[PDB]
């Protein structure tokens, strides 16, 4: 049948963890989760973001395990956290995104396209300001916009980009 | 279940 | 037997 | 009371 | 009374 | 604790 | 009036739970491990258009609303489907091994789940988290419904009925000799229909009640018309009865082949669907 | 560990479990005298099972056999302890041969100190109870004295399977019934890395965590009341003893019937 | 598992990069086509190039 102390303890710990998620127990989650370590980890990812004490690391580790082999559930999440967190150097993230897409050919490509768009917006206002210059940044911004346009292709979004270019 | 109950009891005792 | 005896003890209980 | 007595003892 | 007894046991 | 004490005494 | 049977849906299983879509055109039957969808609009339509494989036998299905989602309840997990072009949107897993009944809040935000343990689980649909749980009933909660005002919630369980504040705590309870399989709250208000062998209409908050006897066995399910003017109850003794609001003058009684496990009424009191022991569903058109 | 060799390894593992007795007892402050008694009992029984001529070895809720011996040791020595008390203790190098041992035998030898089984095995091979039961009862002593008198009378009157402990526990029920800081994910990451790499169990820590969680919110009128209280007691007793309802209610009914017959 | 150029030098092994080659399978005038991303084997990658991490 059920284990003497060990099986019952695990079940009770899981129940307690569920109760902690229902009611935030930053402390309960920290000790309950530790006891629970003895797939899955969304609650662990959730507790770090819900109760902080910088919640980005655990998700990265989870995403890293079980790679070799719709799409992957661990991952499509990790990517979203990144852009929102950014909202350190981003280029790097964009590079990582490309790498993932290369390895695996909801499409990640859409997420990658969205990420560049954020950079363009920052570029658009910085360029608009006088402190007064004619080429450089404007040409760079135009190139970025074209690149963003290509990825989406292969209405609201397009409209937004256009507005952005005009302001710049 | 019995084991769990026992554990709970023990915990309670400890608390007391 | 000793245990039973302990349960002086009776006297104490009465006092209480 | 009994408990108290025991404690005292 | 009952509460007091429990405390003593602890 | 009480039990332990008793044991010790014994 | 009277009811005329328009269609039969061969689920091939017993049909524990059935819902109708809303101008509804599809009917959903819950059997065992699967939910079958049939398009009634197409009268040959022998087979179901779609099938959703939730789990073990299906206790309850409920459609939100507008009519985009469907919630299916049976075993430990509750499945939420997106029926918009269905595929599993999300899943809610609870400790309790099974769920007997389901109810949706009027603002579609909350799901109420009737657990075998007896506890009532309240789920926030957006988080898919369990906000709160009301426990009263010893044993399994068999049925539930919401007050017309939406402030209160009523549930029946094995041998008791209880009224709950939306805020939290239990307002009242009624004790009965037997198990309570089904319940309904009158849309108008002031009336609660309880499903035992007898059907009892309880005056909300008065002492007086009405008891109607037209069921030989247990009354498995009951539903009030939206209009409140009348309601229907289904029974193990193969009978579907329609009754007048409050003190149940028999409007009409259909006799089915086998036990009638579940039933639903269309939002405009046009159609009635019943699920049967015969492993099928029957569709009726109410006539003026 | 081999056929004969497997049997020998299993026996060595059981001897190491006796070590658990050594460790638990010493942590105790009991009587070292204790070791002496424990050493005699192990020699009598084990040798005899072995003594019936190289046929069949032996098996047990291996944990329960050692516990029974420990419990038995206490009975002679007049330590006040109960089977239920023994269960509480259980909650809270190794030879290769052990690694290389019959699978079944290794499982039986096991680790760690159904309701019917613990009580049954011990059987096959007043003052003490008073404090605990009184406390649960909460009686200052009036309850205690009467129960004491009743049980004695019952023995004399002989209303009275079940062990005396069971009878006595039952009779108490009858009498009373009618009284006229944190490692963090970092740790998880390290574990995963090590497993990638070759890697080669329960600890208290667990106990402490559970206790903390529980503390932090973690886990006819008169006649009727009396009956309810008594019933509570039955249920709770079973759980605490780490014993069942089927086995308690039956015993109590039998005792009551015997007492009635004797009185009549 | 990112690998630098330098490890390969010490290891005396080719600094081979992993290739990805997906096919297009069309039968019966391409009524149905299945594309499978498959390993194309390993080929050497020039240092300080787009493929390289440096």
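Protein chains in written order, with our numbering: chain A, 720 to 887; chain B, 39 to 54; chain C, 39 to 54; chain D, 319 to 327; chain E, 123 to 132; chain F, 123 to 132; chain G, 3 to 290; chain H, 1264 to 1527; chain I, 14 to 67.
Using N, Cα and C, we set each Cβ at its ideal position, and we do this for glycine too.
Query: Per DSSP, what are the beta-bridge partners of residue 244/G in this structure?; Result: 234/G, 254/G
Query: For residue 43/B, return the contacting residues in chain H, with the cut-off set at a CB-CB distance below 8 angstroms.; Result: 1502
Query: Please list the terminal residues of the continuous alpha helix (DSSP H) segment that includes residue 828/A.; Result: 828-847
Query: Which first and last residues belong to the alpha helix (DSSP H) in which residue 754/A is found?; Result: 745-756
Query: Establish whether the CB of residue 132/G and some CB of chain A are separated by less than 9 angstroms.; Result: yes
Query: Tell me where the alpha helix (DSSP H) around residue 24/G begins and ends.; Result: Where residue 24/G is concerned, there is no enclosing alpha helix (DSSP H), given that its DSSP letter is neither H nor E.
Query: Quick check on the DSSP output: the alpha helix (DSSP H) that includes residue 53/I runs from which residue to which?; Result: Taken as a continuous stretch (DSSP letters only), residue 53/I belongs to no alpha helix (DSSP H), being part of the beta strand (DSSP E) at 50-57.
Query: Taking the alpha-carbon positions, what's the residue 268/G to residue 77/G distance?; Result: 27 angstroms
Query: What's the C-alpha gap between residue 1496/H and residue 1486/H?; Result: 16 angstroms
Query: Consult DSSP for residue 1285/H and reduce its assignment to one of helix, strand or coil.; Result: helix
Query: Should the region 738-745 of chain A be regarded as contacting the region 1447-1460 of chain H, the criterion being three or more beta carbon pairs within less than 8 angstroms?; Result: no
Query: What residues of chain B sit near residue 132/E, judged by a beta carbon separation below 7 angstroms?; Result: 54
Query: How long is the line joining the alpha carbons of residue 201/G and residue 207/G, rounded to whole angstroms?; Result: 18 angstroms
Query: Is there a Cβ of chain B sitting closer than 9 angstroms to that of residue 1294/H, yes or no?; Result: no
Query: Taking 9 angstroms as the cut-off, decide whether the C-beta atoms of residue 259/G and residue 278/G are in contact.; Result: yes
Query: Which of helix, strand or coil does DSSP assign to residue 11/G?; Result: strand
Query: Quick check: the Cα distance between residue 190/G and residue 250/G, rounded to an integer number of angstroms?; Result: 16 angstroms
Query: Can you list, in chain order, the residues of the region 82-100 of chain G whose Cβ is nearer than 8 angstroms to any Cβ on chain A?; Result: 97
Query: If we cut at 9 angstroms on Cβ distances, does residue 321/D have a partner in chain H?; Result: yes
Query: Compute the Euclidean distance between the alpha carbons of residue 1360/H and residue 1280/H, then round it to the nearest angstrom.; Result: 15 angstroms
Query: Note down the Cα distance separating residue 869/A from residue 875/A, rounded to an integer number of angstroms.; Result: 15 angstroms
Query: Measuring straight from C-alpha to C-alpha, what distance separates residue 1316/H and residue 1268/H?; Result: 16 angstroms
Query: What residue from 749/A, 822/A, 884/A, 805/A has the CA that sits closest to residue 1448/H's CA?; Result: 749/A
Query: Between which two residues does the beta strand (DSSP E) containing residue 39/I stretch?; Result: 38-40
Query: Between the Cα of residue 1521/H and the Cα atoms of 1314/H, 1430/H, 1307/H, which residue gives the shortest distance?; Result: 1430/H
Query: Closest to residue 1355/H by C-alpha separation, out of 1291/H, 1306/H, 1389/H, would be which residue?; Result: 1291/H
Query: Three or more C-beta pairs closer than 8 angstroms, one from the region 1501-1509 of chain H and one from the region 26-42 of chain I: is that the case here?; Result: no
Query: Establish whether the CB of residue 46/C and some CB of chain H are separated by less than 9 angstroms.; Result: no
Query: For residue 826/A, decide whether its Cβ has a neighbour in chain I, counting only Cβ atoms nearer than 9 angstroms.; Result: no
Query: As a quick exercise: from 85/G, 141/G, 160/G, 136/G, pick the residue whose alpha carbon is nearest that of residue 154/G.; Result: 136/G
Query: Along chain D, which residues have their Cβ under 7 angstroms away from the Cβ of residue 1482/H?; Result: Neighbours of residue 1482/H on chain D: none; closest Cβ ~25 angstroms, over 7 angstroms.
Query: Can you list the residues of chain E that residue 325/D reaches, using a CB-CB cut of under 8 angstroms?; Result: 130
Query: For residue 1293/H, is the classification buried or exposed, using 16 other Cβ atoms within 10 angstroms of its Cβ as the cut-off for buried?; Result: buried
Query: Would you mind sorting residue 29/I into buried or exposed? The rule is 16 or more other CB atoms within 10 Å of its CB.; Result: exposed
Query: Given a cut-off of 9 angstroms on the beta-carbon distance, is the pair residue 132/G and residue 94/G in contact?; Result: yes
Query: Taking buried to mean at least 16 other C-beta atoms within 10 Å of its own C-beta, is residue 778/A buried or exposed?; Result: buried
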